[PDB]
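Participant: This is upload00.txt, which holds compact mmCIF, C-alpha atoms and all ligand atoms:
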# COMPACT_ATOMS: atom_id res chain seq x y z
CA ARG A 1 19.78 81.69 -48.96
CA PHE A 2 21.68 82.79 -52.12
CA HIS A 3 24.86 84.94 -52.50
CA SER A 4 24.21 88.69 -52.33
CA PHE A 5 26.49 90.27 -54.93
CA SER A 6 27.27 93.96 -55.04
CA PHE A 7 26.14 95.81 -58.15
CA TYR A 8 29.69 97.09 -58.71
CA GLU A 9 31.18 93.57 -58.58
CA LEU A 10 28.69 92.45 -61.30
CA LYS A 11 29.31 95.63 -63.31
CA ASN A 12 33.08 94.97 -63.04
CA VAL A 13 33.07 91.22 -64.08
CA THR A 14 30.83 91.93 -67.13
CA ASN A 15 33.10 94.81 -68.48
CA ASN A 16 30.46 97.37 -67.25
CA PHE A 17 27.63 95.31 -68.81
CA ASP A 18 29.30 95.51 -72.24
CA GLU A 19 26.45 95.47 -74.82
CA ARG A 20 28.71 94.25 -77.68
CA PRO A 21 28.50 90.52 -78.61
CA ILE A 22 31.00 87.96 -77.24
CA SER A 23 32.20 87.45 -80.88
CA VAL A 24 33.28 91.15 -81.11
CA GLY A 25 34.97 91.01 -77.64
CA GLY A 26 31.99 92.23 -75.62
CA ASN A 27 29.87 90.57 -72.93
CA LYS A 28 26.31 90.39 -74.33
CA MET A 29 25.24 86.77 -74.85
CA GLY A 30 21.53 87.37 -75.62
CA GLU A 31 18.20 88.59 -74.24
CA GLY A 32 15.45 87.01 -72.15
CA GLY A 33 11.99 88.37 -71.16
CA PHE A 34 12.83 91.82 -69.78
CA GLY A 35 16.56 91.43 -69.42
CA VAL A 36 19.93 91.10 -71.14
CA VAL A 37 22.20 88.16 -70.26
CA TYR A 38 25.94 88.99 -70.05
CA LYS A 39 28.97 86.71 -69.56
CA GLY A 40 31.16 87.22 -66.50
CA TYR A 41 33.85 85.65 -64.31
CA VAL A 42 33.26 85.57 -60.51
CA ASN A 43 35.61 83.76 -58.07
CA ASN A 44 37.13 81.51 -60.74
CA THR A 45 33.64 80.58 -62.12
CA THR A 46 32.18 81.59 -65.52
CA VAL A 47 28.79 83.10 -64.79
CA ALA A 48 25.76 84.39 -66.68
CA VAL A 49 24.48 87.70 -65.35
CA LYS A 50 20.93 88.72 -66.26
CA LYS A 51 20.42 92.49 -65.88
CA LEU A 52 16.65 93.17 -65.66
CA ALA A 53 15.11 96.17 -67.56
CA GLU A 54 6.54 96.07 -61.46
CA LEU A 55 9.49 93.95 -62.93
CA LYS A 56 10.70 93.70 -59.22
CA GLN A 57 7.95 91.11 -58.52
CA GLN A 58 9.22 89.03 -61.49
CA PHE A 59 12.79 89.30 -59.91
CA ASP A 60 11.52 88.18 -56.47
CA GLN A 61 9.49 85.35 -58.03
CA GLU A 62 12.63 84.09 -59.83
CA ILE A 63 14.52 84.05 -56.47
CA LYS A 64 11.58 82.46 -54.54
CA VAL A 65 11.09 79.64 -57.13
CA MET A 66 14.85 78.97 -57.23
CA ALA A 67 15.08 78.90 -53.44
CA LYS A 68 12.53 76.04 -53.35
CA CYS A 69 13.32 74.24 -56.62
CA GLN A 70 16.67 72.57 -56.96
CA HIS A 71 16.92 69.89 -59.58
CA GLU A 72 19.44 68.55 -62.18
CA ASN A 73 17.17 69.74 -65.01
CA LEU A 74 16.67 73.31 -63.71
CA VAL A 75 19.12 76.21 -63.96
CA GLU A 76 21.22 77.04 -60.92
CA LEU A 77 20.85 80.51 -59.46
CA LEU A 78 24.11 81.50 -57.72
CA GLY A 79 23.05 84.90 -56.45
CA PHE A 80 21.54 88.30 -57.13
CA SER A 81 22.00 92.07 -56.82
CA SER A 82 19.33 94.72 -56.08
CA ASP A 83 21.20 98.02 -55.20
CA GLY A 84 18.31 100.28 -56.32
CA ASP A 85 16.42 100.07 -59.59
CA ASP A 86 18.97 97.88 -61.49
CA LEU A 87 18.25 94.22 -60.61
CA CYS A 88 20.63 91.35 -61.50
CA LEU A 89 20.46 87.55 -61.34
CA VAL A 90 23.69 85.49 -61.43
CA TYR A 91 23.62 81.88 -62.66
CA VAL A 92 26.10 79.12 -63.52
CA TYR A 93 27.03 79.80 -67.16
CA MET A 94 25.56 77.24 -69.63
CA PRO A 95 28.27 76.55 -72.24
CA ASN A 96 25.84 75.37 -74.94
CA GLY A 97 23.38 78.27 -74.68
CA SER A 98 19.66 77.72 -75.41
CA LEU A 99 17.95 74.78 -77.16
CA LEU A 100 16.45 77.34 -79.60
CA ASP A 101 19.91 78.56 -80.68
CA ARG A 102 21.28 75.03 -80.98
CA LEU A 103 18.36 73.86 -83.13
CA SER A 104 18.92 76.88 -85.43
CA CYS A 105 22.74 76.25 -85.37
CA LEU A 106 23.24 79.92 -84.45
CA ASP A 107 26.88 81.22 -84.63
CA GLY A 108 27.95 78.08 -86.54
CA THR A 109 27.36 75.45 -83.88
CA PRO A 110 26.98 71.90 -85.26
CA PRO A 111 23.52 70.30 -85.39
CA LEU A 112 22.29 68.28 -82.40
CA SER A 113 22.09 64.54 -83.16
CA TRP A 114 18.87 62.56 -82.65
CA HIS A 115 20.47 60.79 -79.66
CA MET A 116 21.30 64.15 -78.02
CA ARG A 117 17.80 65.50 -78.87
CA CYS A 118 16.23 62.53 -77.05
CA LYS A 119 18.37 63.18 -73.96
CA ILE A 120 17.34 66.86 -74.00
CA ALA A 121 13.62 66.01 -74.37
CA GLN A 122 13.75 63.53 -71.41
CA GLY A 123 15.75 66.07 -69.40
CA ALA A 124 13.28 68.90 -70.04
CA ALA A 125 10.36 66.55 -69.05
CA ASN A 126 12.19 65.70 -65.81
CA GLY A 127 12.60 69.42 -65.07
CA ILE A 128 8.91 70.13 -65.73
CA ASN A 129 7.95 67.06 -63.66
CA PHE A 130 9.96 68.43 -60.72
CA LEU A 131 8.23 71.82 -61.03
CA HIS A 132 4.75 70.17 -61.19
CA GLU A 133 5.56 67.70 -58.33
CA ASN A 134 6.48 70.82 -56.29
CA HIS A 135 3.20 72.57 -57.36
CA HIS A 136 4.63 75.19 -59.75
CA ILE A 137 3.30 76.09 -63.23
CA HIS A 138 6.19 77.50 -65.33
CA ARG A 139 3.90 79.49 -67.72
CA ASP A 140 6.68 80.02 -70.33
CA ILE A 141 7.97 76.64 -71.51
CA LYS A 142 9.77 77.27 -74.79
CA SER A 143 13.05 76.21 -76.41
CA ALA A 144 14.60 79.64 -75.64
CA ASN A 145 14.08 78.79 -71.90
CA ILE A 146 15.69 75.32 -72.07
CA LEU A 147 19.42 75.84 -71.60
CA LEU A 148 22.17 73.29 -72.23
CA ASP A 149 25.12 72.71 -69.93
CA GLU A 150 28.67 71.38 -70.61
CA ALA A 151 27.18 67.85 -71.17
CA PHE A 152 23.98 68.97 -73.11
CA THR A 153 21.82 68.41 -70.05
CA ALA A 154 18.50 70.27 -70.43
CA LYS A 155 18.02 73.04 -67.81
CA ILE A 156 14.62 74.78 -67.54
CA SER A 157 15.14 78.55 -66.96
CA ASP A 158 13.06 81.82 -66.48
CA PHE A 159 10.72 81.39 -63.51
CA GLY A 160 9.71 85.09 -63.33
CA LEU A 161 6.18 84.11 -64.46
CA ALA A 162 5.95 80.85 -62.43
CA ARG A 163 2.86 80.36 -60.25
CA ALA A 164 2.35 78.18 -57.14
CA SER A 165 -0.66 75.79 -57.70
CA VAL A 166 -7.99 79.33 -62.09
CA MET A 167 -8.16 82.67 -64.00
CA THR A 168 -6.06 85.90 -64.45
CA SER A 169 -6.41 89.35 -66.15
CA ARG A 170 -2.67 89.70 -66.94
CA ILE A 171 -2.08 87.01 -69.61
CA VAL A 172 1.64 86.22 -69.96
CA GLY A 173 3.73 83.87 -72.09
CA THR A 174 4.91 83.41 -75.69
CA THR A 175 1.97 83.30 -78.14
CA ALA A 176 3.58 80.70 -80.51
CA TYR A 177 3.79 78.18 -77.58
CA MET A 178 0.71 79.05 -75.51
CA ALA A 179 -2.16 76.63 -75.09
CA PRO A 180 -5.64 77.84 -76.24
CA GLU A 181 -6.90 78.19 -72.63
CA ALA A 182 -3.66 79.96 -71.49
CA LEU A 183 -4.24 82.61 -74.25
CA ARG A 184 -7.72 83.08 -72.66
CA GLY A 185 -6.45 83.72 -69.10
CA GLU A 186 -6.45 80.23 -67.52
CA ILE A 187 -3.52 79.25 -65.27
CA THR A 188 -3.11 75.44 -65.35
CA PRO A 189 -0.18 72.92 -65.40
CA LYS A 190 -1.98 71.43 -68.46
CA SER A 191 -0.90 74.60 -70.40
CA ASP A 192 2.79 73.75 -69.62
CA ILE A 193 2.20 70.31 -71.26
CA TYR A 194 0.87 72.01 -74.47
CA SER A 195 3.94 74.30 -74.59
CA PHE A 196 6.18 71.21 -74.14
CA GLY A 197 4.46 69.61 -77.16
CA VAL A 198 5.61 72.65 -79.22
CA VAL A 199 9.16 72.16 -77.90
CA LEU A 200 9.02 68.45 -78.98
CA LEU A 201 7.96 69.55 -82.50
CA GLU A 202 10.88 72.00 -82.57
CA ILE A 203 13.23 69.16 -81.53
CA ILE A 204 11.86 66.79 -84.23
CA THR A 205 11.76 69.34 -87.08
CA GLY A 206 14.48 71.84 -86.18
CA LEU A 207 12.00 74.62 -87.15
CA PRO A 208 11.27 77.58 -84.84
CA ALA A 209 7.74 77.72 -83.25
CA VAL A 210 7.01 80.84 -85.34
CA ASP A 211 8.50 81.95 -88.69
CA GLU A 212 6.78 84.79 -90.52
CA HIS A 213 8.29 83.79 -93.90
CA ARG A 214 6.93 80.24 -93.66
CA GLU A 215 3.79 78.27 -94.49
CA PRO A 216 2.43 77.52 -91.93
CA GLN A 217 3.84 80.37 -89.78
CA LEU A 218 2.91 78.54 -86.54
CA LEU A 219 4.75 75.23 -86.04
CA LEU A 220 1.84 73.74 -84.04
CA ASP A 221 -0.22 73.94 -87.30
CA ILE A 222 1.86 71.05 -88.76
CA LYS A 223 -0.02 68.69 -86.34
CA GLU A 224 -3.17 69.41 -88.41
CA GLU A 225 -1.36 68.94 -91.74
CA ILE A 226 -0.19 65.49 -90.56
CA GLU A 227 -3.61 64.54 -89.14
CA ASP A 228 -5.37 65.66 -92.36
CA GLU A 229 -2.77 63.40 -94.22
CA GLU A 230 -1.59 66.35 -96.36
CA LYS A 231 1.98 65.82 -94.99
CA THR A 232 3.73 63.05 -92.92
CA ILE A 233 6.12 63.39 -89.92
CA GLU A 234 8.89 62.16 -92.30
CA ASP A 235 8.33 65.28 -94.44
CA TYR A 236 9.09 67.53 -91.45
CA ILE A 237 11.99 65.64 -89.72
CA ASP A 238 15.13 67.81 -89.34
CA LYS A 239 17.38 67.00 -92.29
CA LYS A 240 20.42 68.12 -90.19
CA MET A 241 20.53 64.67 -88.46
CA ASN A 242 22.06 61.43 -89.68
CA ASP A 243 20.97 59.15 -86.75
CA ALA A 244 17.20 59.78 -86.58
CA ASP A 245 15.30 56.48 -86.91
CA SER A 246 11.62 56.54 -87.97
CA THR A 247 10.34 54.49 -85.01
CA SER A 248 11.75 56.80 -82.29
CA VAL A 249 10.89 59.94 -84.29
CA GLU A 250 7.24 58.73 -84.57
CA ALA A 251 7.26 57.81 -80.84
CA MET A 252 8.33 61.40 -79.95
CA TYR A 253 5.79 62.84 -82.41
CA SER A 254 3.03 60.73 -80.74
CA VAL A 255 3.94 62.41 -77.38
CA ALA A 256 3.94 65.91 -79.06
CA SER A 257 0.53 65.14 -80.63
CA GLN A 258 -0.90 64.13 -77.22
CA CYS A 259 0.53 67.28 -75.57
CA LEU A 260 -1.05 69.47 -78.30
CA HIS A 261 -4.63 68.30 -77.75
CA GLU A 262 -6.92 71.35 -77.82
CA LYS A 263 -8.89 70.12 -74.79
CA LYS A 264 -6.73 70.63 -71.66
CA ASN A 265 -8.27 67.57 -69.97
CA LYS A 266 -7.40 65.25 -72.91
CA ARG A 267 -3.63 66.07 -72.63
CA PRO A 268 -1.46 63.67 -70.59
CA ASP A 269 0.06 64.72 -67.24
CA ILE A 270 3.86 65.32 -67.01
CA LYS A 271 4.48 61.90 -65.34
CA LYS A 272 2.88 60.23 -68.41
CA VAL A 273 4.92 62.41 -70.83
CA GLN A 274 8.06 61.48 -68.84
CA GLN A 275 7.05 57.77 -68.99
CA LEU A 276 6.47 57.86 -72.77
CA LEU A 277 9.83 59.65 -73.42
CA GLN A 278 11.70 56.97 -71.44
CA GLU A 279 9.83 54.15 -73.31
CA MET A 280 10.98 55.75 -76.63
CA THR A 281 14.62 54.87 -75.79
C1 LIG B 1 28.69 79.70 -80.09
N1 LIG B 1 28.56 79.64 -78.65
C2 LIG B 1 28.36 81.03 -78.24
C3 LIG B 1 28.06 81.13 -76.75
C4 LIG B 1 26.85 80.28 -76.48
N2 LIG B 1 26.15 80.58 -75.26
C5 LIG B 1 26.51 80.29 -73.98
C6 LIG B 1 25.48 80.84 -73.24
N3 LIG B 1 25.34 80.83 -71.91
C7 LIG B 1 24.15 81.14 -71.23
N4 LIG B 1 23.15 81.73 -71.88
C8 LIG B 1 22.00 82.03 -71.26
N5 LIG B 1 20.93 82.64 -71.97
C9 LIG B 1 21.06 82.98 -73.40
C10 LIG B 1 20.84 81.82 -74.32
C11 LIG B 1 22.02 84.06 -73.84
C12 LIG B 1 20.55 84.30 -73.89
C13 LIG B 1 21.88 81.71 -69.93
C14 LIG B 1 20.68 82.02 -69.14
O1 LIG B 1 19.70 82.55 -69.65
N6 LIG B 1 20.73 81.66 -67.82
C15 LIG B 1 19.57 81.88 -67.01
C16 LIG B 1 21.79 81.03 -67.24
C17 LIG B 1 22.89 80.73 -67.91
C18 LIG B 1 22.95 81.10 -69.31
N7 LIG B 1 24.09 80.79 -69.94
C19 LIG B 1 24.59 81.43 -74.17
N8 LIG B 1 25.01 81.26 -75.42
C20 LIG B 1 27.00 78.84 -76.90
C21 LIG B 1 27.39 78.79 -78.37
Written as structure tokens, how would this file's structure read?
Ligand SMILES: CN1CCC(n2cc(Nc3nc(NC4(C)CC4)c4c(=O)n(C)ccc4n3)cn2)CC1

Facilitator:
Amino acid sequence: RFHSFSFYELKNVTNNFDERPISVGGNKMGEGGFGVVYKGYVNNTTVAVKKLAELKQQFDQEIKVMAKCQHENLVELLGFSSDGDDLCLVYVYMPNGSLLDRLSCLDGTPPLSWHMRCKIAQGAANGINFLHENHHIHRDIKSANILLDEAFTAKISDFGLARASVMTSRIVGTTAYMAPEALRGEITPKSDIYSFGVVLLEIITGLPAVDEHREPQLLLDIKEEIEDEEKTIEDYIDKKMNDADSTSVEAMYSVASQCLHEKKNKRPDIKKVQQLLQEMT
């Protein structure tokens, strides 16, 4: 049972859903799937308000998954609003935004150290493990959906696509992260593992999963460059780190490589990924 907020209270605390950036004095923080996330202040708490823009089933799925799943490595839904057509989700505000933005150092934020990147990777694996233990396939594991709290704790977000554990006609997810079988219509927790392997590569390299002015454009393609000995993992390590040691970087790359196996059955389960990430430290 979450808090039922009135639409006018959410409109009020977000400066009428001010579309200008926080930097300019507005309330827009960014945009998710089919929604804009705004900053607000409710009952002496900084909140994130996602205004969705059928899509109602994605809203209900987000609430249903959050009602069941409560873990330290998952975002915390505080409440919601559904007055008519304009649907809102209220969460505890994550001071350090998304892992994607922090890896890119968006808005001048300093680079994440190797030590903090390891903590985030283990945290994200714990969050996925909780989802899988509770029979849920996320279907959209990506660095934009891994938020970071006031202590850089990884928080898996966006459960609008989540499914309770197979084929489907409506294929959903982010192409640059999707597993080969997910792109074909299969719904399996093994696809979540593949997507997590892409997140690990993003953590190691600091490169986005897709960059149209880059060769290769798809980050997952670097796994083949390394395997065909054209490049090494050292060549791709994020240069914006001063504490990355080769042994732990190669240990994390070994996990990413295992997650990115083209055969879904050859990939390790989340408990094994979680085990390997703890062994790394
Ligand atoms: C320079 N400084 C500027 C402000 C930054 N920042 C802080 C936040 N807070 C934030 N953002 C969220 N999503 C994104 C990433 C905006 C799209 C979410 C979110 O999606 N949910 C579900 C819950 C909470 C939440 N909290 C975003 N950016 C940090 C760096």

Participant: May I have the protein, DNA and RNA residues with an atom at most 6 Å from (22.2, 71.5, -84.1), counting all atoms listed in the file in the file's coordinates, returned as a CSV table (one decimal) with C-alpha atoms, keeping the file's coordinate frame?

Facilitator:
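This is the output file result20.csv:
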chain,number,residue,atom,x,y,z
A,102,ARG,CA,21.3,75.0,-81.0
A,103,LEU,CA,18.4,73.9,-83.1
A,105,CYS,CA,22.7,76.2,-85.4
A,110,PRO,CA,27.0,71.9,-85.3
A,111,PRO,CA,23.5,70.3,-85.4
A,112,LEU,CA,22.3,68.3,-82.4

Participant: Find, counting only C-alpha atoms, the residue in A:201, A:220, A:106, A:121 that gets nearest to residue A:30.

Facilitator: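 Of all the options, A:106 lies closest to residue A:30.
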
Participant: With a distance cut-off of 7 Å and only C-alpha atoms, select the neighbouring residues of stretch 168-182 of chain A, excluding the residue or stretch itself and same-chain residues fewer than 2 positions from it, and output the selection as JSON, numbers by chain.

Facilitator: {"A": [139, 140, 142, 184, 185, 186, 187, 191, 194, 195, 198, 209, 210, 218, 262]}

Participant: Name the residues, by chain letter and number, that sit within 6 Å of ligand LIG 1 (chain B) using all atoms listed in the file, and give them as a list in words.

Facilitator: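 Selection of residues at most 6 Å from ligand LIG 1 (chain B): residues 29, 30, 31, 37, 48, 91, 92, 93, 94, 95, 96, 97, 98, 107, 109 and 157 of chain A.
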
Participant: Could you name the residues that touch residue A:58 at 10 Å or less, counting all atoms listed in the file, but leaving out those on the same chain fewer than 5 positions away, as a ChimeraX atom specification?

Facilitator: /A:34,52,63-64,158-162

Participant: Using all atoms listed in the file, can you tell me which of A:241, A:277, A:144, A:89 comes closest to residue A:2?

Facilitator: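 Distance minimum relative to residue A:2 lands on A:89.
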
Participant: Between atom CA of residue A:86 and atom CA of residue A:56, what is the distance in Å, rounded to a tenth?

Facilitator: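 Taking atom CA of residue A:86 as the start and atom CA of residue A:56 as the end point, the length is 9.5 Å.
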
Participant: Which residues, protein or nucleic acid, reach to within 10 Å of (26.4, 90.6, -52.0) in the file's coordinates when using all atoms listed in the file, and can you give that as a list in words?

Facilitator: residues 2, 3, 4, 5, 6, 7, 8, 9, 10, 79, 80, 81, 82 and 83 of chain A

Participant: Write out as a list in words each polymer residue whose atoms come within 9 Å of residue A:154, counting all atoms listed in the file; drop sequence neighbours fewer than 3 positions from it.

Facilitator: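 Here the answer would be residues 72, 73, 74, 75, 99, 119, 120, 121, 122, 123, 124, 127, 146, 147, 148 and 149 of chain A.
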
Participant: Provide the atom CA of residue A:208 to atom CA of residue A:40 distance in Å, to one decimal place.

Facilitator: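 That distance, rounded to one decimal, is 28.7 Å.
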
Participant: Kindly indicate which residue among A:217, A:275, A:165, A:205 lies nearest to residue A:253, using all atoms listed in the file for the distances.

Facilitator: A:205

Participant: Give the padded box for stretch 145-161 of chain A as lines of an AutoDock Vina configuration file: axis-aligned, covering all atoms listed in the file, 3 Å on each side, centre and edge lengths in Å to one decimal.

Facilitator:
center_x = 17.4
center_y = 76.5
center_z = -68.2
size_x = 28.5
size_y = 23.2
size_z = 15.8

Participant: I'd like the neighbourhood of residue A:207 as a ChimeraX atom specification, where a residue qualifies if any of its atoms comes within 8 Å (using only C-alpha atoms), though same-chain residues fewer than 3 positions away should be ignored.

Facilitator: /A:103-104,201-203,219,238

Participant: Near residue A:204, within 8 Å and counting only C-alpha atoms, which residues show up once chain neighbours fewer than 4 positions away are dropped, as an MDAnalysis selection string?

Facilitator: chainID A and resid 200 236:238 249 252:253

Participant: Atom CA of residue A:259 and atom CA of residue A:193 are how many Å apart?

Facilitator: 5.5 Å

Participant: From the list A:23, A:134, A:14, A:45, which residue is nearest residue A:88 when using only C-alpha atoms?

Facilitator: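 The answer is A:14, which sits nearest to residue A:88.
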
Participant: Measuring between only C-alpha atoms, which one of A:226, A:258, A:150, A:232 shows the shortest distance to residue A:196?

Facilitator: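 Smallest distance to residue A:196 is found for A:258.
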